[PDB]
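1. generate coordinates for the sequence data below:
(9 chains)
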Amino acid sequence: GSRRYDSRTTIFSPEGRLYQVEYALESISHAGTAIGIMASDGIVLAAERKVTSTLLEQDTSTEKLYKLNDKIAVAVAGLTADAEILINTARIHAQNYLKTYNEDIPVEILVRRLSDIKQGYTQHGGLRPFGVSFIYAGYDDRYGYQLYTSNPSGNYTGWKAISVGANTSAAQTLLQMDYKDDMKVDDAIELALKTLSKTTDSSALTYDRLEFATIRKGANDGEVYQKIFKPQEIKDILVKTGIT
Amino acid sequence: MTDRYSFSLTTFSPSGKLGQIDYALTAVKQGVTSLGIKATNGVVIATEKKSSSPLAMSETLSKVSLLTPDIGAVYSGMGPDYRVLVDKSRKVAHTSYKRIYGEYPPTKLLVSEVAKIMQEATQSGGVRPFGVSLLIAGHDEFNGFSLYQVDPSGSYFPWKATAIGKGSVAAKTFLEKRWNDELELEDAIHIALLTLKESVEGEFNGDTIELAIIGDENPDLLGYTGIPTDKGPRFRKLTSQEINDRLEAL
Amino acid sequence: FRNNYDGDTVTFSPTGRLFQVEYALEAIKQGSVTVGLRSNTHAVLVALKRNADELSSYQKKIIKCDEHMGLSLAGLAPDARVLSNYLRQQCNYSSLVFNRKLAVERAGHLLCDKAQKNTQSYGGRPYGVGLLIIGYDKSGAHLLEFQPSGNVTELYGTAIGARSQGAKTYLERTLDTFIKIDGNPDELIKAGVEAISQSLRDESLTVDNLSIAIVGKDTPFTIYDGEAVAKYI
Amino acid sequence: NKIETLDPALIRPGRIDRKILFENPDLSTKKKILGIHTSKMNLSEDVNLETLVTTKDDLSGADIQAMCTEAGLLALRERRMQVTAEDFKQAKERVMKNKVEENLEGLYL
Amino acid sequence: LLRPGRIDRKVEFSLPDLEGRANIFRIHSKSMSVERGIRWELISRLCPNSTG
Amino acid sequence: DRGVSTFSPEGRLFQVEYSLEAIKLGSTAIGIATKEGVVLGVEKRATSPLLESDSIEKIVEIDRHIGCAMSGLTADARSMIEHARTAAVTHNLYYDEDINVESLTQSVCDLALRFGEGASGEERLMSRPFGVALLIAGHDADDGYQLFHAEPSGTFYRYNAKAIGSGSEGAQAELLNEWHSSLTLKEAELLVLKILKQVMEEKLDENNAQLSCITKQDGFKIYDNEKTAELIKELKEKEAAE
Amino acid sequence: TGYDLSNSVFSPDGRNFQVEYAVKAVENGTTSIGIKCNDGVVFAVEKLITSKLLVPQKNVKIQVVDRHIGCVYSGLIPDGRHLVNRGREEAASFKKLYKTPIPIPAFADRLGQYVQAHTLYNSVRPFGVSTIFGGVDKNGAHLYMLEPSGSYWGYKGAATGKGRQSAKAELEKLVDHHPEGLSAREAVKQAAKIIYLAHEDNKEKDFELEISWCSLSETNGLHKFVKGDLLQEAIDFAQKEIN
Amino acid sequence: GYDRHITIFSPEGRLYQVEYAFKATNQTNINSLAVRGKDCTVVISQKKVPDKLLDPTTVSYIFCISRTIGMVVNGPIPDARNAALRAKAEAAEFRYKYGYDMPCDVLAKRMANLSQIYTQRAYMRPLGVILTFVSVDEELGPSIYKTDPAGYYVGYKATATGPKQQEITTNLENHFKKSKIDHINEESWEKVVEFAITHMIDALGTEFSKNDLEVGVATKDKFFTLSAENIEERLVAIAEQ
Amino acid sequence: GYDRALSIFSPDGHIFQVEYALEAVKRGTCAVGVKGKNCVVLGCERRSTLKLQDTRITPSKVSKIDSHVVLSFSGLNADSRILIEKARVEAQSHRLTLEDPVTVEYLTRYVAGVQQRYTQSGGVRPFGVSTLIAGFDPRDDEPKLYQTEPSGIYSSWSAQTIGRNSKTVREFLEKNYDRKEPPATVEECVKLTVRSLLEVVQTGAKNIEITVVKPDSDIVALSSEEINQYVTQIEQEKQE
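-> Numbering: from 1, shown residues only, chains lettered A, B, ... in the order given. Take a look:
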């Protein structure tokens, strides 16, 4: 009845690589592309939506770029349902640390704890593990901008550029040839939108299939300002660059 | 005595994407047709509601249920799954909602709470997912009228027009052309009933066809007109006569 | 054979048998042979102590529960340790509150309930051990046979372990003899010496291996070995 | 390849006695095997035998055969009239790149 | 053929215990010149159960 | 699955049959006990000159007058030894008295026994009885010097002489003849080393044998390097007559 | 196929196949009869004497619940003892609340819930026993049988075990001849008769007759065993009848 | 394969446990007929011919849930006892908290929620019975609600359950649509009983006697069965007519 | 959550899990420790190949557990993170309750007990993680280099290799170090560690980290120009 049957996901794999985690990376690459480009003065963060349905009000509904707080924004690729739970968990964690110590949580600490929850699931949770990768674009004063990505494995790795979602290789290869260490945020805006269009099978990647955000310290009087760019503002900069 | 399961029955398929999510969805598609048009001055939600047996009371059967006096909802898929999910949703909203706010939940908020619950069913061993899709149609200050569609996958998005069930493919296309940016409350209902006739032909008595609008505010329905600046119930469940009337003005 | 049902305790075959119990009956036959007999005024256990080898010392097989009660182990040895600690506590409790000694019938019954419970549901092995419970109380002498299944039965003599048939042959002939002997320890023990020589085929007794205990009207639980048992031989 | 491809039946074990398990070339092995190949590619003598070994990733002697072929393949595209020190060095990078590409990233967790 | 009459004895030969496999090793090893003082039982100990 | 619950056709526990093979792989341990001292001599496993032979241990103090040797799965046997240590301290508190070797032997078997299947009279957090056997030795007045061999079976036997591990079978064959009542501490020590070289794959050294005793005088006391060497040296001189 | 194996899952006919397996034990068990009579209820159970090692009058399956309900059972012997315990637990709990003996109808209702509970668990097996129970109370004599699957009905006469075929065929004709019922005293002799026809079935080993009763007039609505002169005449006289 | 065997959503999405459960009702072969009186709710049903072992007067199908609600159960005999507990227990629940017993509609809602839950866990399975709650509610007047193993439910003007429900439906269809009445408009409750028995005998084709009968009448603030004396007295009027 | 048996012994007397755990270790990229009598010298390979990975904020394998206790690994990179946190809390728990920092010996047993608990419980898979633990015992300057197995066994070793291709590295340590007398100075010892790592690394100076930990909580990292300095010497040996 229940004794006989098994759907143990908590077998220690013989390859050293848990099979369930393998399939969750497949599933990530079905979901649209999200690109983190780290510059000295910010993180330029941009992700295409994967729906394209006309009846569907995509405009209103942000589904990939969620602002957690002032210095930290996350781009989602993966299962949107699984993702919702981790967004509330990540929001409450940064607030609790801010309350205890009166300092915005260093980026390192936040990313680590969230990765450790994913890990926990296959450690002895009995749970299927969340099949989501998140790029946490974060700032703190000490360490500058910091860029980390997570894996369904519960492992994070820092980078100066990363891609998740579809066309991981196509995007990564362009950024390596075109991005140089010293290009500023300003360049990266122009760079991001153009590489995305070229990976995607769409003839022009419309403004309405885009989500764009930046986290910058080049906001006056030594302050940090984020702005999730609204669909029509994406459109003007879409025309300049000649995609449209 | 608890089942000796200690693990998630739900597994990723070896090609990605959960087995069970796919399994649950089929039910919504198989089940009977529902359509909705979002409008600027309301929302029309419409469904077929065929006699189970002529001897059966065809009035007590319902597919429209209340979540708040402002927001109503209709589904397609498993009938018994719906009933329970509604009851959970009344508690999840109301009590907790009153404690942190003390109002009726805006539509955006209400829809998101429902999404987490669907996910937790699936994730939890010993409990298989709820396979129902609900359309939650409602009003809030800050977004005018809104229509969200909530999938059994635990994901939501708002739509100008949507349909689920068998007739969804046909319906969506018909509507697509008829939908305008500016819409009369009267026209949204005419257009809705016209399409609904094509879902299954015949039985256009307003008894066997269940129609509701999230119309305009009434201190009349509120049952106190002593201060009529209070919002009335936005939600109205139409009588059979009212439907009968709409057929003549179509 | 495996087959049938035994990873699953709940499920039974068409007949109704649970394989788990079958294995547990076999387990008895693999381990120690012990025989019991009783007269109306005494209750006797005769146990053959055994070891793995020569340098090994011999090891008790009658484990004294109380001055008035005892049991002897023959199927699984870890299982017996469990039940004895358990039964020690139940005699204490019953003596404390009701001022009345735990009578042998109830004691087998409380015990059945515990074994039955583990076999009723998933989780928990069947207790495979066959125990032979003696006890001397106000209503004279008793000997019960604790099945692995959870069934107690009153008998006058019984034999357990492999080739037990031999011992039973003797005891039934001298059933009448044994019962009408009363007030005599010597007489009883002498018969039980012979009962176990019927069982043993191509196998030797030794006086130090032979361990014999009585409990009765004038005697509390006492274990006799060596020179002591040389008297009854 | 193996005796498990065949229905096993090789009669008399001590009549087939010792069995020889080939390991693949290691670091020292492929120096010597390399030395033969580079003598065919014209003017690749310039690039010190040892430093050729070092700069590439540990690979089998077979993959030297692939690499040596890669040098001549590149010389043909270029219309490099005579094979040079520059060709042999370029050859390393493209050959190593092929093998990584072909591999599938399943991600070490 | 398996049915009775035809076959009156059936016997399973199996790989022997350590003491017998010491004995089988012993016979072969004797035939060859060896540095004496050899513990046959040592060589058999390491080997798991094995064919002659 | 093949649980603790479900038995073999004979009626044996699965884990008891498997654990025999586990112990076999383990390190050879030889115990000869006499009324002049328990001598425990064990093989120390070594794979490199680079391993440091001081750090490792295979004789482990459980109490002031209690010594032990372990074989089987070492990592499971490391927990086994930690809990045994706890039991002994807890008794010492309750009675102000040094535990009898025999009672201590029972208290350990009670603690290996407890699974994972899910009881109704007991606490579960393991999966099985440990599939490790131990030689529990020690001294008390009542029984004099003792040596016990605990099985994974949930059965304890007292021994005059017992060998476990790789060399279990060949060491035991000699120990039946050679063990006697007459033997004293100096006698016993030489004999253990003699058996140990035959079953040791490589050579016998004082740097891959570790000797200890339980005497009541010293309690548990691990012999220094020098004594060990000298008894090896003494054994050589006799072997070269042949 | 697979629906059967899985305990507490609907068989493709309907209802778990394990509940049917459990029924089979009850047929293989010993005869037990329950007779409703004018005065009260008369229980008899066939206790096989396998051997003379067995102690006469002392391997009773008769277990008192409260003080006025006999209970006796057929089938798997450990299963009964657990359900027996359950009856006890239930009786006392009623006396905590309501300070008076449980009625027999109420006992029949409340015992039945326990069987169902375990059989909507996959984790906990069926009961392997039919229980005959009943007594005389304030509301009179009442006879109930709890089938292995859990069903309670009133009975004029009840039977379980191997020899129920013999028992049934007699009890039908005995009620046809006597529709005004018969005293519990006369039915002591007539229980003995019925058991003799059923020992044609269980003819392999000898037997020992055990009757118990609870009667309105003669045990004064308490339950006690039948023994001595009452029991002897019942043996003596019945014997003659069956020759 | 496996998915299908145990409770969990099949590929198709069918719940096989539920389909089998519907077959299960028919296996008891019980047939029911319930009509709505003007001010009463009459439900009548068969009961299989008595055994000489059984007592013929005993019943075990009818259960008095509360003063308002009576219930007749069609399906597995053992599970009917199981179900009877839950209806009474939740009936009493509503008296404590909300201060009065459940209505008919409101009790159905509650059983349906419970049914749904039983299906998701493995260990728990849906009650294989089909439950027929009868009541006269005050607000709805005469009411019958039919609650299914699924957790599905709906009111009825008149209902039928069993293998030969097919025959009864066709009779009631003729009875109630042609006249054009939602329920019987006859005032005296006695003539509703007279007449529901009459339709049963007609429709399945087999005459009923006292022994098969069993007459349940629920009225305002009462559920009662008719005495055996009265059952026989209705028979005399039925035959002459 | 999970608690069902996976500690089911083979009939070949081993936990299946523990076997798989061993397989995993190898794959993790090599780490080497050779202690001098005046240091412990630690070498490891880190990912830095990828153009557009900023190394400053890419986590470093070598981990502070205490000022005078450091930890390196080979194995699952996910599971190590959990491991490191466990050690850090224990390290602090000693200063809280018994006073003074962990004795190294004590932290080695703590780390080992975690692995052991995973084999006692059937629910919890052992980590597939071996670690090198190095440091200075309190009030003392004695170097300790410890080694673990993922099975829950610990031991002290003069020199060690764990991770990729231990074969080539082991054979070098058996000829290049001898146990009778340790390297005399920090400089002699750094050179041996460096020489050994480059065998299976192949050159680099940018990718590889060498971390020297000396007594009295001195942790200092070698600049890429210093790494190369040792390579320049060794090139001359290889030539002659």
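
2. return the set of residues that bridge with residue I:156.
-> residue I:146 (DSSP bridges).

3. which of the three states applies to the most centrally placed residue in chain G?
-> Nearest to the mean C-alpha position of chain G, by CA atoms, centre = their mean, lies residue G:132 at 2.4 Å. What DSSP: H, G, I helix; E, B strand; the rest coil gives for residue G:132 is strand.

4. distance from the chain centre to stretch A:53-63, please.
-> 19 Å (CA atoms, centre = their mean, to the nearest Å).

5. buried residues in the helix or strand where residue A:20 lies, which are they?
-> Assigned by DSSP states H and E, residue A:20 falls within helix A:19-30. Going by neighbour count (16 or more other CB atoms under 10 Å in any protein chain shown), the buried part of helix A:19-30 is A:20, A:21, A:22, A:23, A:24, A:25, A:27, A:28, A:29. Every C-beta, even on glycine, is put in place using the N, C-alpha and C of the backbone.

6. overlap between those and the residues near chain D?
-> On the criterion CB under 8 Å from any CB of the partner chain, A:21, A:22, A:25 are the entries of those that sit beside chain D.

7. give me the residue from chain A nearest chain E.
-> Sorted by distance to chain E under CB to the nearest CB, the residues of chain A start with residue A:14, at 22.8 Å.

8. if we can go back for a sec, just give the closest residue to the residue nearest to the centre of chain G, not the sequence neighbours.
-> Excluding its sequence neighbours, the residue lying closest to residue G:132 (CB to CB, 6 or more residues apart in numbering or on different chains) is residue G:34, at 4.0 Å.

9. I'd guessed the one you found sits against residue G:155; true?
-> Yes. Applying CB atoms under 8 Å, one finds residue G:34 in contact with residue G:155, separated by 6.8 Å.

10. and of the buried residues of helix A:19-30, the nearest to residue D:26?
-> When the buried residues of helix A:19-30 are ranked by distance to residue D:26 (CB to CB), residue A:22 comes first, at 31.1 Å.

11. so which bits of chain I are right by chain B?
-> Residues of chain I lying near chain B by CB under 8 Å from any CB: I:1, I:2, I:3, I:4, I:123.

12. now do the strands in chain I.
-> I:31-35, I:40-45, I:63-66, I:69-75, I:129-136, I:143-148, I:154-156, I:159-162, I:208-214, I:218-221 (DSSP state E).

13. residue B:110 should be in a helix, yeah?
-> Yes. For residue B:110, which was evaluated using three-state DSSP, the result is membership in a helix.

14. tell me if the residue nearest to residue G:132 really is in a strand.
-> Yes. Assignment of residue G:34 by three-state DSSP places it within a strand.

15. now residue A:74: phi and psi?
-> Backbone torsions of residue A:74, given as degrees, to the nearest 10, read phi -120, psi 140.

16. equivalent analysis for residue B:90, please.
-> Backbone torsions of residue B:90, given as degrees, to the nearest 10, read phi -60, psi -50.

17. residues in contact with the residue nearest to it when sequence neighbours are not counted?
-> Nearest residue to residue B:90 in three dimensions, chain neighbours excluded: residue B:67, at 6.6 Å (CB to CB, 6+ apart). If a contact means CB atoms under 8 Å, 6 or more residues apart in numbering or on different chains, then residue B:67 has B:73, B:86, B:89, B:90, B:93, B:110, B:136 as its contacts.

18. same check on residue G:95?
-> In this structure, residue G:95 makes contact with G:101, G:102, judged by CB under 8 Å, 6+ apart.

19. mind checking the SS state of it?
-> Residue G:95 carries the three-state label helix when classified by three-state DSSP.

20. in chain H, what residue is nearest chain I?
-> residue H:122 (15.5 Å).

21. near that residue, how many other residues are there?
-> Using other CB atoms under 10 Å in any protein chain shown, residue H:122 has 28 other residues around it.

22. quick check, it in a helix?
-> No. When classified by three-state DSSP, residue H:122 is found to be coil rather than part of a helix.

23. can you pull out the strands in chain C?
-> Applying DSSP E to chain C gives strands spanning C:34-39, C:42-48, C:62-64, C:69-72, C:131-137, C:140-146, C:152-154, C:157-160, C:210-216, C:222-224.

24. Throw the ones you listed into JSON lines and include distance to chain H and mean neighbour count, thanks.
-> Below are the strands of chain C laid out as JSON lines (distance: least, CB to the nearest CB, whole Å; neighbours: other CB atoms under 10 Å in any protein chain shown):
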{"stretch": "strand C:34-39", "distance to chain H": "42", "mean neighbour count": "27"}
{"stretch": "strand C:42-48", "distance to chain H": "45", "mean neighbour count": "25"}
{"stretch": "strand C:62-64", "distance to chain H": "40", "mean neighbour count": "18"}
{"stretch": "strand C:69-72", "distance to chain H": "37", "mean neighbour count": "24"}
{"stretch": "strand C:131-137", "distance to chain H": "34", "mean neighbour count": "25"}
{"stretch": "strand C:140-146", "distance to chain H": "32", "mean neighbour count": "21"}
{"stretch": "strand C:152-154", "distance to chain H": "31", "mean neighbour count": "20"}
{"stretch": "strand C:157-160", "distance to chain H": "38", "mean neighbour count": "23"}
{"stretch": "strand C:210-216", "distance to chain H": "47", "mean neighbour count": "23"}
{"stretch": "strand C:222-224", "distance to chain H": "50", "mean neighbour count": "16"}
